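One structure is given below, encoded as structure tokens.
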Amino acid sequence: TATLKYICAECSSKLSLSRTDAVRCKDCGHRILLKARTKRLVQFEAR
Amino acid sequence: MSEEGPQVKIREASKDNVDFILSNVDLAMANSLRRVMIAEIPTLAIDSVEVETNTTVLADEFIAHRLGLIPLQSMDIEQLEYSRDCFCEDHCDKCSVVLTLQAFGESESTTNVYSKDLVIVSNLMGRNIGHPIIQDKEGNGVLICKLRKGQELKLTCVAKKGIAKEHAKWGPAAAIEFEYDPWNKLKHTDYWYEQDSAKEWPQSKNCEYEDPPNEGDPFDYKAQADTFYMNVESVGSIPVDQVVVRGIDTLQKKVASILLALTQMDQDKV
Amino acid sequence: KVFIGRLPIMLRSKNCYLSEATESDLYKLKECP
Amino acid sequence: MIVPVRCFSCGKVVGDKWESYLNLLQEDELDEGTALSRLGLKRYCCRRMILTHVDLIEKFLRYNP
Amino acid sequence: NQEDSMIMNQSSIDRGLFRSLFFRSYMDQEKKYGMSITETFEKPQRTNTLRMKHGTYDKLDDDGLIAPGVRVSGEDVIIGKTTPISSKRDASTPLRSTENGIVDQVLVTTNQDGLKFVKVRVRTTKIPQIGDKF
Ligand SMILES: [Zn+2]
Ligand SMILES: [Zn+2]
Ligand SMILES: [Zn+2]
């Protein structure tokens, strides 16, 4: 398993952390990072 | 020699069309049917999508929308109540069909998602329903969407009853044809012409099946409408014929529900 | 031999990396071609 | 921007016919006008649908995560 | 259709005619006060202050953001935030009262001064309605 959290723009790879744990990625200095979908299941109307 | 009034005369046939010459009826009727066929014949299509994972480029609802247009089977249908009427808190095999769908970009070279890939999970109860109508050559039908390397897409679709009045996806119709009095002996039109009405305005394939004008003769003011050249196509879900009988039927039922009301209505009072 | 301020450069111009770059490079850079 | 399942105007399915068209062109080498006629797209409502779509999706798919 | 306004086949709208998308980009960073007095991104509440908002904060994971899958609506918070003063005054970011939809992707970055910079995107599909213009 192993739950993710954030992700790298380029070297896209589950990451995560928290306050003061820096901001960069565990590799690409590229200090961006997305938050990735919710485990929670979204739903939609087929129209 | 047989049958009351309305009488067809199938001109041609096709797994996807029914060029027929429905003659001797009220235009009203001809149309009233046409209409029914278009928007009120029950069908079945996805109507609920449960995005678990999506890395595509088509954001959820984008896909969720197409998924609803994806023609699904419905030969039976009539043995699958409208989720709404059913008693199951929400839905069940008694009212709906569930499908799955998952794709990953293994082929580091555009992996495609096709309607064929849907996977019926709920008990089909044993009855032609829920099968992604396919009229594809290589048997793939309806390219849902594409994806690259690590693109993933996990869904859960839930198709229910429904009719075109609620949304098109439940349209078994596709596009019907209609025409009558191919010469206009009734004058239901007033051809716009620069010079020769007969020149500028093309004649129709249907002129043949009906006696041309004949200048001499005056004007028929008792002229009515009989013989209507229709062409019910289809999208699959229902066989081009059903899209016609069920049309002849669906309508019919309603036309009766009116009596049904005329009855229930009387019984009442003190 | 001193340094002085910064000149916000115009894009797709000489001093811009994109000036050279093509297709791939762009798409990789996310910058739409 | 991916093929458009079915035709706006009339509805007649058109989500499948995509790949077949692009082929009756680069390969079978035909002319749009017929290519379409070949895949069953009779009247323009459906015709314009395919003939006009711009499959951007490709250009999109060429990015990253 | 009278007077420069048309009738539009609904059936065809269903099949998707003229459907469009729409992305908005609410945003915010973490203030500073020289004396290292800095703000914060969290999912606050009581904590003395009471200086909060009115939208469901719940949709806030702990980083003080919303997951890229959530469905936002009223004025639910999209960015919890606080200011240190003298102890937990709000500075969250609600939704476009009128607008509402789905979080499309959040993102957290530094900001030259090192500060936590965060932009959030909300996706929405707008279908042609009667009042629309073309
Ligand atoms: Zn990285
Ligand atoms: Zn049920
Ligand atoms: Zn069409």
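Each value in this text was obtained by applying a stated rule to the coordinates, not by laboratory testing. Cβ sites come from the backbone with ideal geometry, for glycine too, and all protein chains shown count toward neighbours.
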Select from the range D:28-62 the residues that are more than 11 Å from ligand 3 (Cβ to nearest atom), assigned to a helix (DSSP H, G or I) and not aliphatic (A, V, I, L, M) and list them in ascending order.
D:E32, D:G33, D:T34, D:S37, D:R38, D:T52, D:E58, D:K59, D:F60
Restricting the range A:6-41 to residues that are facing another protein chain (nearest Cβ under 8 Å) and within 14 Å of E:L65 (Cα to Cα), the residue that is farthest from ligand 1 (Cβ to nearest atom)
A:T38
Filter the range B:105-124 for residues that are of a type in the set (A, V, I, L, M, F, W, C) and either within 16 Å of ligand 3 (Cβ to nearest atom) or within 14 Å of chain D (Cβ to nearest Cβ) (or both); which is farthest from B:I144 (Cα to Cα)?
B:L118
Among B:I41, B:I46, which is the only one that is assigned to a strand (DSSP E or B), surrounded by 23 or more Cβ atoms within 10 Å (Cβ to Cβ) and hydrophobic (A, V, I, L, M, F, W, C)?
B:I46
Residues in the range E:53-67: is at least one on the phi > 0 side of the Ramachandran plot and either surrounded by 15 or more Cβ atoms within 10 Å (Cβ to Cβ) or part of a loop (DSSP other than H, G, I, E, B) (or both)?
yes
Only one of these conditions is not met by D:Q26: (1) of a type outside the set (A, V, I, L, M, F, W, C); (2) more than 12 Å from chain B (Cβ to nearest Cβ); (3) more than 29 Å from B:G150 (Cβ to Cβ). Which number is it?
(3)
Considering the range B:64-108, residues that are hydroxyl-bearing (S, T, Y) and surrounded by fewer than 22 Cβ atoms within 10 Å (Cβ to Cβ), and then whichever is farthest from ligand 1 (Cβ to nearest atom), we arrive at B:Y82
Among residues belonging to the range B:85-104 that are touching a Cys at 6+ places or on another chain (Cβ under 8 Å) and either within 15 Å of B:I46 (Cα to Cα) or among the β-branched types (V, I, T) (or both), point out the one that is farthest from the other protein chains (Cβ to nearest Cβ).
B:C92
In the range D:49-65, how many are more than 14 Å from chain A (Cβ to nearest Cβ) and more than 9 Å from the chain's Cα centre (by Cα)?
7
